[PDB]
Amino acid sequence: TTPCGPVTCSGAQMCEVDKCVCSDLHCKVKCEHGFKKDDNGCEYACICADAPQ
Amino acid sequence: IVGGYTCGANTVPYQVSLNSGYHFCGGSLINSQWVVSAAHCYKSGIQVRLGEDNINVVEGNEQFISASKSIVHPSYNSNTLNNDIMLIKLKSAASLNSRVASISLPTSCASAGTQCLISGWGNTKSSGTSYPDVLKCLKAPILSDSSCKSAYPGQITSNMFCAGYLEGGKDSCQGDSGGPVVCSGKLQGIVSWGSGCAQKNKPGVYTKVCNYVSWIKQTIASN
């Protein structure tokens, strides 16, 4: 989450100069259902999803 | 452990599995009653399984102990993953011996180039999930703070160090968090984070345990 260029990165998005992208950056835990995804489709770095997608 | 070998028998006695209904992290046994791990592995009411071989079948050594106090480092930043270190106190003291044995804390940090042993039951596949039943081991050197910082610009703190192969193919992976990184019989680092697994130019990042030896020692003496 961060203001970025002409746009604004939400939740799990990392700001790339002028655009907000998702990252493959993750802690190495074992989420039963995988990493939690924001409304934009990105997965949060180190937060697990509470139910299968 | 992406691209590793089965440790077999029992050569990683200090290894432990953190369970919360299922395996979700690893950790190292510092001594009978304490277990060091990745602060991000913190969970309410963790159960430690020691002397594990297969994390599904009772391979002789089977010890499920509840954790009394799960003390997370007071500066761990859930965002930067800086100070990713946590101490676990077992409700009951673990049975030291030839099977389950403690790993030693370091007195001085490992110089880049040092060959270490990373171990865990985490995913083996780079692309796709293949979680092994048996403990996997991986020999890997400590990369230079420079190649580290270059791989993960600025993100690499003084409490972090890169280990693995810049080429890729061999690296720790999801399910390996909190596991040990032993170099010359000492606990040098804790499996922390990285980009994907075994990805080229994205080495595994680990917690510099040497910077936390004092804290570890004080925490144990007071709790």
# chains A, B, ... in the order shown; residues from 1 in each chain; ligands from 1
call {"tool": "residues_around", "arguments": {"residues": "residue 101 in chain B", "least_positions_apart": "3", "cutoff": "8 Å", "atoms": "only C-alpha atoms", "output": "list in words"}}
result
residues 13, 14, 29, 31, 96, 97 and 98 of chain B
call {"tool": "write_last_selection", "arguments": {"atoms": "C-alpha atoms", "output": "PDB file, in the first residue's frame"}}
result
ATOM      1  CA  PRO B  13      18.945 -33.877  15.972  1.00  0.00           C
ATOM      2  CA  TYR B  14      18.418 -30.220  16.823  1.00  0.00           C
ATOM      3  CA  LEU B  29      16.585 -26.689  19.863  1.00  0.00           C
ATOM      4  CA  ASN B  31      18.747 -26.541  24.948  1.00  0.00           C
ATOM      5  CA  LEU B  96      18.367 -34.433  25.300  1.00  0.00           C
ATOM      6  CA  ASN B  97      20.392 -37.397  24.032  1.00  0.00           C
ATOM      7  CA  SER B  98      21.866 -38.923  20.878  1.00  0.00           C
TER       8      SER B  98
END
call {"tool": "residues_around", "arguments": {"residues": "residue 192 in chain B", "least_positions_apart": "2", "cutoff": "6 Å", "atoms": "only C-alpha atoms", "output": "list in words"}}
result
residues 27 of chain A; 177, 190, 205 and 206 of chain B
call {"tool": "residues_around", "arguments": {"residues": "range 36-46 of chain B", "least_positions_apart": "2", "cutoff": "7 Å", "atoms": "only C-alpha atoms", "output": "list in words"}}
result
residues 29 of chain A; 18, 19, 20, 25, 27, 28, 29, 30, 34, 48, 66, 67, 72, 73, 84, 85, 86, 87, 88, 177, 178, 179, 190 and 192 of chain B
call {"tool": "closest_atom_pairs", "arguments": {"of": "chain B", "to": "chain A", "cutoff": "9 Å", "atoms": "only C-alpha atoms", "output": "Markdown table"}}
result
| residue | atom | partner | partner_atom | distance |
| --- | --- | --- | --- | --- |
| B:22 | CA | A:32 | CA | 8.2 |
| B:23 | CA | A:30 | CA | 7.4 |
| B:24 | CA | A:30 | CA | 4.7 |
| B:25 | CA | A:29 | CA | 5.9 |
| B:40 | CA | A:27 | CA | 7.9 |
| B:41 | CA | A:29 | CA | 6.8 |
| B:78 | CA | A:46 | CA | 8.3 |
| B:79 | CA | A:45 | CA | 8.4 |
| B:81 | CA | A:27 | CA | 8.3 |
| B:122 | CA | A:30 | CA | 7.5 |
| B:123 | CA | A:30 | CA | 8.5 |
| B:172 | CA | A:28 | CA | 7.9 |
| B:173 | CA | A:28 | CA | 5.6 |
| B:174 | CA | A:28 | CA | 3.8 |
| B:175 | CA | A:30 | CA | 4.4 |
| B:176 | CA | A:28 | CA | 5.9 |
| B:177 | CA | A:28 | CA | 4.8 |
| B:178 | CA | A:29 | CA | 8.3 |
| B:191 | CA | A:28 | CA | 7.4 |
| B:192 | CA | A:27 | CA | 5.9 |
| B:193 | CA | A:27 | CA | 4.2 |
| B:194 | CA | A:25 | CA | 6.0 |
| B:195 | CA | A:25 | CA | 4.5 |
| B:196 | CA | A:24 | CA | 5.9 |
call {"tool": "select_by_dssp", "arguments": {"residues": "chain B", "states": "helix (DSSP H, G or I)", "output": "number ranges by chain"}}
result
B: 39-41, 145-151, 209-222
call {"tool": "atom_distance", "arguments": {"atom1": "CA of residue 204 in chain B", "atom2": "CA of residue 164 in chain B"}}
result
6.1 Å
call {"tool": "residues_around", "arguments": {"residues": "residue 40 in chain A", "least_positions_apart": "2", "cutoff": "12 Å", "atoms": "only C-alpha atoms", "output": "MDAnalysis selection string"}}
result
chainID A and resid 1 8:14 20:22 36:38 42:44
call {"tool": "write_last_selection", "arguments": {"atoms": "N, CA, C and O atoms", "output": "PDB file, in the first residue's frame"}}
result
ATOM      1  N   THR A   1       0.878  -1.217   0.000  1.00  0.00           N
ATOM      2  CA  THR A   1       0.000   0.000   0.000  1.00  0.00           C
ATOM      3  C   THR A   1       0.897   1.243   0.000  1.00  0.00           C
ATOM      4  O   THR A   1       1.708   1.390   0.923  1.00  0.00           O
ATOM      5  N   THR A   8      -2.234   4.668  -7.103  1.00  0.00           N
ATOM      6  CA  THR A   8      -2.060   4.455  -5.675  1.00  0.00           C
ATOM      7  C   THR A   8      -2.110   2.959  -5.377  1.00  0.00           C
ATOM      8  O   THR A   8      -3.120   2.302  -5.630  1.00  0.00           O
ATOM      9  N   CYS A   9      -1.012   2.417  -4.874  1.00  0.00           N
ATOM     10  CA  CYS A   9      -0.940   1.000  -4.563  1.00  0.00           C
ATOM     11  C   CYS A   9      -1.751   0.647  -3.311  1.00  0.00           C
ATOM     12  O   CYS A   9      -1.659   1.307  -2.266  1.00  0.00           O
ATOM     13  N   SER A  10      -2.586  -0.371  -3.450  1.00  0.00           N
ATOM     14  CA  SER A  10      -3.436  -0.822  -2.370  1.00  0.00           C
ATOM     15  C   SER A  10      -2.870  -2.113  -1.832  1.00  0.00           C
ATOM     16  O   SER A  10      -1.948  -2.682  -2.412  1.00  0.00           O
ATOM     17  N   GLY A  11      -3.410  -2.534  -0.694  1.00  0.00           N
ATOM     18  CA  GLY A  11      -3.023  -3.764  -0.028  1.00  0.00           C
ATOM     19  C   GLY A  11      -1.668  -4.373  -0.295  1.00  0.00           C
ATOM     20  O   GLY A  11      -0.635  -3.871   0.171  1.00  0.00           O
ATOM     21  N   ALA A  12      -1.687  -5.432  -1.098  1.00  0.00           N
ATOM     22  CA  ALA A  12      -0.494  -6.194  -1.431  1.00  0.00           C
ATOM     23  C   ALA A  12       0.324  -5.722  -2.619  1.00  0.00           C
ATOM     24  O   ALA A  12       1.139  -6.482  -3.136  1.00  0.00           O
ATOM     25  N   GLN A  13       0.110  -4.492  -3.065  1.00  0.00           N
ATOM     26  CA  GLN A  13       0.847  -3.970  -4.209  1.00  0.00           C
ATOM     27  C   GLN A  13       2.059  -3.151  -3.852  1.00  0.00           C
ATOM     28  O   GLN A  13       2.017  -2.306  -2.952  1.00  0.00           O
ATOM     29  N   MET A  14       3.113  -3.362  -4.624  1.00  0.00           N
ATOM     30  CA  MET A  14       4.372  -2.650  -4.469  1.00  0.00           C
ATOM     31  C   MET A  14       4.404  -1.642  -5.618  1.00  0.00           C
ATOM     32  O   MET A  14       3.994  -1.952  -6.732  1.00  0.00           O
ATOM     33  N   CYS A  20       1.647   0.273  -9.994  1.00  0.00           N
ATOM     34  CA  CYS A  20       1.570  -0.616  -8.840  1.00  0.00           C
ATOM     35  C   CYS A  20       1.511  -2.078  -9.324  1.00  0.00           C
ATOM     36  O   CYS A  20       0.635  -2.454 -10.101  1.00  0.00           O
ATOM     37  N   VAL A  21       2.453  -2.893  -8.872  1.00  0.00           N
ATOM     38  CA  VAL A  21       2.508  -4.303  -9.250  1.00  0.00           C
ATOM     39  C   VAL A  21       2.493  -5.212  -8.033  1.00  0.00           C
ATOM     40  O   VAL A  21       2.654  -4.745  -6.908  1.00  0.00           O
ATOM     41  N   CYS A  22       2.290  -6.509  -8.259  1.00  0.00           N
ATOM     42  CA  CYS A  22       2.300  -7.472  -7.168  1.00  0.00           C
ATOM     43  C   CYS A  22       3.732  -7.950  -7.061  1.00  0.00           C
ATOM     44  O   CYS A  22       4.530  -7.701  -7.974  1.00  0.00           O
ATOM     45  N   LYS A  36      -2.841 -14.985   1.314  1.00  0.00           N
ATOM     46  CA  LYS A  36      -4.034 -14.142   1.181  1.00  0.00           C
ATOM     47  C   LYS A  36      -3.883 -13.156   0.019  1.00  0.00           C
ATOM     48  O   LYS A  36      -2.855 -12.498  -0.115  1.00  0.00           O
ATOM     49  N   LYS A  37      -4.910 -13.067  -0.823  1.00  0.00           N
ATOM     50  CA  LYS A  37      -4.881 -12.192  -1.997  1.00  0.00           C
ATOM     51  C   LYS A  37      -5.801 -10.979  -1.864  1.00  0.00           C
ATOM     52  O   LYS A  37      -6.936 -11.087  -1.393  1.00  0.00           O
ATOM     53  N   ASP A  38      -5.301  -9.825  -2.289  1.00  0.00           N
ATOM     54  CA  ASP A  38      -6.070  -8.591  -2.233  1.00  0.00           C
ATOM     55  C   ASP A  38      -7.046  -8.539  -3.401  1.00  0.00           C
ATOM     56  O   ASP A  38      -6.950  -9.335  -4.340  1.00  0.00           O
ATOM     57  N   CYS A  42      -3.126  -9.548  -6.150  1.00  0.00           N
ATOM     58  CA  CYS A  42      -1.823  -9.805  -5.537  1.00  0.00           C
ATOM     59  C   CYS A  42      -1.977 -10.621  -4.262  1.00  0.00           C
ATOM     60  O   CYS A  42      -3.023 -10.583  -3.618  1.00  0.00           O
ATOM     61  N   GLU A  43      -0.916 -11.325  -3.882  1.00  0.00           N
ATOM     62  CA  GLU A  43      -0.903 -12.121  -2.654  1.00  0.00           C
ATOM     63  C   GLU A  43      -0.095 -11.325  -1.625  1.00  0.00           C
ATOM     64  O   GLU A  43       0.925 -10.721  -1.974  1.00  0.00           O
ATOM     65  N   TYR A  44      -0.519 -11.308  -0.372  1.00  0.00           N
ATOM     66  CA  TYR A  44       0.250 -10.582   0.621  1.00  0.00           C
ATOM     67  C   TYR A  44       1.505 -11.381   0.956  1.00  0.00           C
ATOM     68  O   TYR A  44       1.499 -12.617   1.003  1.00  0.00           O
TER      69      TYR A  44
END
call {"tool": "select_by_dssp", "arguments": {"residues": "chain A", "states": "strand (DSSP E)", "output": "number ranges by chain"}}
result
A: 2-4, 7-9, 14-16, 19-21, 25-27, 35-37, 43-48
call {"tool": "write_last_selection", "arguments": {"atoms": "C-alpha atoms", "output": "tab-separated table (two decimals), in the first residue's frame"}}
result
chain	number	residue	atom	x	y	z
A	2	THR	CA	1.57	3.36	-1.06
A	3	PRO	CA	0.80	6.43	-3.23
A	4	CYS	CA	2.57	5.94	-6.56
A	7	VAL	CA	-1.86	5.75	-9.25
A	8	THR	CA	-2.06	4.45	-5.67
A	9	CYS	CA	-0.94	1.00	-4.56
A	14	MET	CA	4.37	-2.65	-4.47
A	15	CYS	CA	4.94	0.65	-6.30
A	16	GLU	CA	7.17	0.55	-9.39
A	19	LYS	CA	2.74	1.70	-11.64
A	20	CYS	CA	1.57	-0.62	-8.84
A	21	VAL	CA	2.51	-4.30	-9.25
A	25	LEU	CA	8.27	-11.72	-2.22
A	26	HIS	CA	7.12	-14.07	0.54
A	27	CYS	CA	8.19	-15.33	3.95
A	35	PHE	CA	-1.21	-16.66	0.73
A	36	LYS	CA	-4.03	-14.14	1.18
A	37	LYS	CA	-4.88	-12.19	-2.00
A	43	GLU	CA	-0.90	-12.12	-2.65
A	44	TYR	CA	0.25	-10.58	0.62
A	45	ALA	CA	3.90	-11.22	1.45
A	46	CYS	CA	3.37	-13.12	4.65
A	47	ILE	CA	-0.30	-13.54	5.42
A	48	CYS	CA	-2.23	-16.75	4.81
call {"tool": "residues_around", "arguments": {"residues": "range 126-135 of chain B", "least_positions_apart": "3", "cutoff": "10 Å", "atoms": "only C-alpha atoms", "output": "PyMOL selection string"}}
result
(chain A and resi 30) or (chain B and resi 1-10+12+15+52-57+119-123+168-175+196-199)
call {"tool": "write_last_selection", "arguments": {"atoms": "N, CA and C atoms", "output": "mmCIF file, in the first residue's frame"}}
result
data_model
loop_
_atom_site.group_PDB
_atom_site.id
_atom_site.type_symbol
_atom_site.label_atom_id
_atom_site.label_comp_id
_atom_site.auth_asym_id
_atom_site.auth_seq_id
_atom_site.Cartn_x
_atom_site.Cartn_y
_atom_site.Cartn_z
ATOM 1 N N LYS A 30 4.126 -22.139 5.852
ATOM 2 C CA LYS A 30 3.307 -23.047 5.053
ATOM 3 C C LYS A 30 1.826 -22.774 5.320
ATOM 4 N N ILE B 1 12.580 -27.694 1.137
ATOM 5 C CA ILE B 1 13.961 -27.370 0.717
ATOM 6 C C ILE B 1 13.981 -27.695 -0.744
ATOM 7 N N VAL B 2 14.017 -26.656 -1.580
ATOM 8 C CA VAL B 2 14.056 -26.825 -3.029
ATOM 9 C C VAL B 2 15.445 -27.307 -3.450
ATOM 10 N N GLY B 3 15.468 -28.476 -4.087
ATOM 11 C CA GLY B 3 16.702 -29.066 -4.554
ATOM 12 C C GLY B 3 17.624 -29.511 -3.449
ATOM 13 N N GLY B 4 17.162 -30.439 -2.622
ATOM 14 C CA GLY B 4 17.999 -30.917 -1.538
ATOM 15 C C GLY B 4 18.075 -32.416 -1.495
ATOM 16 N N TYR B 5 18.684 -32.945 -0.456
ATOM 17 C CA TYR B 5 18.804 -34.381 -0.324
ATOM 18 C C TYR B 5 18.184 -34.826 0.991
ATOM 19 N N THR B 6 17.628 -36.033 1.046
ATOM 20 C CA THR B 6 17.039 -36.518 2.291
ATOM 21 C C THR B 6 18.176 -36.600 3.296
ATOM 22 N N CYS B 7 17.966 -36.085 4.496
ATOM 23 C CA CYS B 7 19.003 -36.128 5.516
ATOM 24 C C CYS B 7 19.164 -37.570 5.992
ATOM 25 N N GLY B 8 18.044 -38.283 6.091
ATOM 26 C CA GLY B 8 18.063 -39.674 6.512
ATOM 27 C C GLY B 8 18.555 -39.920 7.926
ATOM 28 N N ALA B 9 18.263 -41.113 8.439
ATOM 29 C CA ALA B 9 18.660 -41.519 9.787
ATOM 30 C C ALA B 9 18.389 -40.405 10.800
ATOM 31 N N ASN B 10 19.443 -39.728 11.244
ATOM 32 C CA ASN B 10 19.317 -38.619 12.205
ATOM 33 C C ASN B 10 20.659 -37.889 12.397
ATOM 34 N N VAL B 12 20.413 -34.358 12.034
ATOM 35 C CA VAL B 12 19.886 -33.032 12.319
ATOM 36 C C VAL B 12 18.991 -33.246 13.536
ATOM 37 N N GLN B 15 16.805 -30.402 15.036
ATOM 38 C CA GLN B 15 15.688 -29.919 14.236
ATOM 39 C C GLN B 15 14.367 -30.165 14.952
ATOM 40 N N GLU B 52 11.919 -35.600 14.897
ATOM 41 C CA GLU B 52 11.104 -36.087 13.793
ATOM 42 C C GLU B 52 11.971 -36.569 12.643
ATOM 43 N N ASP B 53 11.451 -37.536 11.913
ATOM 44 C CA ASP B 53 12.122 -38.077 10.745
ATOM 45 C C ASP B 53 11.063 -37.833 9.687
ATOM 46 N N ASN B 54 9.957 -38.555 9.818
ATOM 47 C CA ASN B 54 8.826 -38.407 8.917
ATOM 48 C C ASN B 54 7.793 -37.651 9.748
ATOM 49 N N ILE B 55 7.293 -36.529 9.236
ATOM 50 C CA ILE B 55 6.310 -35.753 9.981
ATOM 51 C C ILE B 55 4.883 -36.236 9.760
ATOM 52 N N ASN B 56 4.688 -37.550 9.758
ATOM 53 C CA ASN B 56 3.365 -38.142 9.572
ATOM 54 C C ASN B 56 3.314 -39.508 10.259
ATOM 55 N N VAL B 57 4.417 -40.245 10.202
ATOM 56 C CA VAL B 57 4.489 -41.560 10.829
ATOM 57 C C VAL B 57 5.382 -41.497 12.070
ATOM 58 N N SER B 119 18.042 -27.007 6.714
ATOM 59 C CA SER B 119 17.210 -28.211 6.732
ATOM 60 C C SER B 119 15.766 -27.920 7.051
ATOM 61 N N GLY B 120 14.872 -28.783 6.575
ATOM 62 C CA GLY B 120 13.457 -28.573 6.803
ATOM 63 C C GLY B 120 12.570 -29.527 6.037
ATOM 64 N N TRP B 121 11.263 -29.411 6.243
ATOM 65 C CA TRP B 121 10.280 -30.286 5.603
ATOM 66 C C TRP B 121 9.420 -29.507 4.654
ATOM 67 N N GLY B 122 9.899 -28.321 4.293
ATOM 68 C CA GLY B 122 9.164 -27.441 3.404
ATOM 69 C C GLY B 122 9.124 -27.952 1.992
ATOM 70 N N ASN B 123 8.394 -27.231 1.149
ATOM 71 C CA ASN B 123 8.232 -27.578 -0.257
ATOM 72 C C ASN B 123 9.560 -27.889 -0.943
ATOM 73 N N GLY B 168 20.709 -20.584 -8.822
ATOM 74 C CA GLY B 168 19.390 -21.102 -8.521
ATOM 75 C C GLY B 168 19.382 -22.625 -8.509
ATOM 76 N N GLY B 169 18.206 -23.214 -8.316
ATOM 77 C CA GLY B 169 18.108 -24.660 -8.299
ATOM 78 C C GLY B 169 18.113 -25.275 -6.925
ATOM 79 N N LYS B 170 18.766 -24.618 -5.972
ATOM 80 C CA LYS B 170 18.855 -25.105 -4.596
ATOM 81 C C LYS B 170 18.599 -23.919 -3.677
ATOM 82 N N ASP B 171 17.615 -24.054 -2.774
ATOM 83 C CA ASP B 171 17.206 -22.971 -1.860
ATOM 84 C C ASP B 171 16.133 -23.516 -0.933
ATOM 85 N N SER B 172 15.888 -22.808 0.176
ATOM 86 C CA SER B 172 14.863 -23.164 1.176
ATOM 87 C C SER B 172 13.524 -22.690 0.637
ATOM 88 N N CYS B 173 12.436 -23.239 1.135
ATOM 89 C CA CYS B 173 11.141 -22.866 0.601
ATOM 90 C C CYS B 173 10.012 -22.946 1.630
ATOM 91 N N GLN B 174 8.861 -22.371 1.258
ATOM 92 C CA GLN B 174 7.655 -22.317 2.083
ATOM 93 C C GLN B 174 7.455 -23.612 2.832
ATOM 94 N N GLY B 175 7.524 -23.496 4.163
ATOM 95 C CA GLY B 175 7.423 -24.625 5.065
ATOM 96 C C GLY B 175 8.753 -24.767 5.780
ATOM 97 N N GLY B 196 10.171 -16.241 -4.286
ATOM 98 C CA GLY B 196 9.900 -17.596 -4.740
ATOM 99 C C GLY B 196 10.884 -18.569 -4.117
ATOM 100 N N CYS B 197 11.279 -19.594 -4.860
ATOM 101 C CA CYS B 197 12.230 -20.563 -4.337
ATOM 102 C C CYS B 197 13.193 -21.044 -5.401
ATOM 103 N N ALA B 198 14.484 -20.996 -5.075
ATOM 104 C CA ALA B 198 15.556 -21.424 -5.979
ATOM 105 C C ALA B 198 15.626 -20.590 -7.257
ATOM 106 N N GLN B 199 14.979 -19.425 -7.236
ATOM 107 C CA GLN B 199 14.940 -18.521 -8.371
ATOM 108 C C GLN B 199 16.311 -17.911 -8.565
#
call {"tool": "residues_around", "arguments": {"residues": "residue 110 in chain B", "least_positions_apart": "2", "cutoff": "8 Å", "atoms": "only C-alpha atoms", "output": "list in words"}}
result
residues 108, 112, 114, 142, 183 and 188 of chain B
call {"tool": "write_last_selection", "arguments": {"atoms": "N, CA, C and O atoms", "output": "tab-separated table (two decimals), in the first residue's frame"}}
result
chain	number	residue	atom	x	y	z
B	108	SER	N	30.74	-15.77	17.05
B	108	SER	CA	31.14	-14.79	16.07
B	108	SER	C	30.43	-15.16	14.78
B	108	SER	O	30.21	-16.34	14.50
B	112	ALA	N	31.54	-14.49	4.88
B	112	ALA	CA	30.95	-14.90	3.61
B	112	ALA	C	31.81	-16.00	3.03
B	112	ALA	O	33.03	-16.00	3.18
B	114	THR	N	31.41	-19.16	3.98
B	114	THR	CA	31.20	-20.30	4.88
B	114	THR	C	30.12	-21.25	4.38
B	114	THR	O	29.03	-20.82	3.98
B	142	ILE	N	27.40	-19.05	2.43
B	142	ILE	CA	26.90	-17.76	2.84
B	142	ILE	C	27.37	-16.79	1.77
B	142	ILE	O	28.58	-16.68	1.56
B	183	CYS	N	26.40	-23.62	10.56
B	183	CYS	CA	27.70	-23.51	9.90
B	183	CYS	C	28.73	-23.85	10.96
B	183	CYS	O	28.78	-23.23	12.02
B	188	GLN	N	23.80	-20.32	12.81
B	188	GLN	CA	24.09	-19.01	12.23
B	188	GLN	C	22.92	-18.24	11.73
B	188	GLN	O	22.94	-17.02	11.76
call {"tool": "residues_around", "arguments": {"residues": "range 208-217 of chain B", "least_positions_apart": "5", "cutoff": "6 Å", "atoms": "only C-alpha atoms", "output": "ChimeraX atom specification"}}
result
/B:106,109,159-160,188-189
call {"tool": "write_last_selection", "arguments": {"atoms": "N, CA, C and O atoms", "output": "JSON list (two decimals), in the first residue's frame"}}
result
[["chain", "number", "residue", "atom", "x", "y", "z"],
["B", 106, "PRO", "N", 26.25, -19.29, 18.11],
["B", 106, "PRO", "CA", 27.53, -18.79, 17.63],
["B", 106, "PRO", "C", 28.15, -17.76, 18.55],
["B", 106, "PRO", "O", 27.45, -17.11, 19.32],
["B", 109, "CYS", "N", 30.03, -14.15, 14.02],
["B", 109, "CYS", "CA", 29.34, -14.36, 12.76],
["B", 109, "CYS", "C", 30.18, -15.05, 11.67],
["B", 109, "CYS", "O", 31.40, -14.86, 11.56],
["B", 159, "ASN", "N", 20.70, -7.40, 9.93],
["B", 159, "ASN", "CA", 20.26, -8.57, 10.65],
["B", 159, "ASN", "C", 19.86, -9.68, 9.70],
["B", 159, "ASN", "O", 19.25, -10.68, 10.11],
["B", 160, "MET", "N", 20.23, -9.52, 8.44],
["B", 160, "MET", "CA", 19.92, -10.48, 7.40],
["B", 160, "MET", "C", 21.18, -10.88, 6.61],
["B", 160, "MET", "O", 22.17, -10.14, 6.56],
["B", 188, "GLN", "N", 23.80, -20.32, 12.81],
["B", 188, "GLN", "CA", 24.09, -19.01, 12.23],
["B", 188, "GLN", "C", 22.92, -18.24, 11.73],
["B", 188, "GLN", "O", 22.94, -17.02, 11.76],
["B", 189, "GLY", "N", 21.90, -18.92, 11.23],
["B", 189, "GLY", "CA", 20.75, -18.20, 10.71],
["B", 189, "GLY", "C", 19.44, -18.96, 10.70],
["B", 189, "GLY", "O", 19.39, -20.18, 10.78]]
call {"tool": "closest_residue", "arguments": {"among": "B:33, B:75, B:82, B:17", "to": "residue 62 in chain B", "atoms": "only C-alpha atoms"}}
result
B:17
call {"tool": "decode", "arguments": {"residues": "range 60-84 of chain B", "atoms": "C-alpha atoms", "output": "PDB file, in the first residue's frame"}}
result
ATOM      1  CA  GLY B  60      10.727 -43.988  16.712  1.00  0.00           C
ATOM      2  CA  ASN B  61      11.482 -40.564  18.160  1.00  0.00           C
ATOM      3  CA  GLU B  62       8.158 -38.825  18.755  1.00  0.00           C
ATOM      4  CA  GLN B  63       7.859 -35.824  21.069  1.00  0.00           C
ATOM      5  CA  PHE B  64       4.917 -33.413  20.900  1.00  0.00           C
ATOM      6  CA  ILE B  65       5.376 -30.732  23.594  1.00  0.00           C
ATOM      7  CA  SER B  66       3.192 -27.669  24.097  1.00  0.00           C
ATOM      8  CA  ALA B  67       4.889 -24.254  24.237  1.00  0.00           C
ATOM      9  CA  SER B  68       4.668 -22.371  27.595  1.00  0.00           C
ATOM     10  CA  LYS B  69       5.954 -18.930  26.554  1.00  0.00           C
ATOM     11  CA  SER B  70       6.339 -17.907  22.863  1.00  0.00           C
ATOM     12  CA  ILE B  71       8.517 -14.762  23.145  1.00  0.00           C
ATOM     13  CA  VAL B  72       8.774 -12.774  19.862  1.00  0.00           C
ATOM     14  CA  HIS B  73      11.630 -10.277  19.413  1.00  0.00           C
ATOM     15  CA  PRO B  74      10.521  -6.748  20.615  1.00  0.00           C
ATOM     16  CA  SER B  75      11.519  -5.061  17.370  1.00  0.00           C
ATOM     17  CA  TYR B  76      10.473  -7.617  14.815  1.00  0.00           C
ATOM     18  CA  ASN B  77       8.875  -5.664  11.973  1.00  0.00           C
ATOM     19  CA  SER B  78       6.141  -7.699  10.307  1.00  0.00           C
ATOM     20  CA  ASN B  79       6.676  -5.654   7.176  1.00  0.00           C
ATOM     21  CA  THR B  80      10.427  -5.544   6.631  1.00  0.00           C
ATOM     22  CA  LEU B  81      10.872  -8.879   8.394  1.00  0.00           C
ATOM     23  CA  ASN B  82      13.756  -7.239  10.238  1.00  0.00           C
ATOM     24  CA  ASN B  83      14.544  -8.940  13.516  1.00  0.00           C
ATOM     25  CA  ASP B  84      12.700 -12.073  12.420  1.00  0.00           C
TER      26      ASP B  84
END
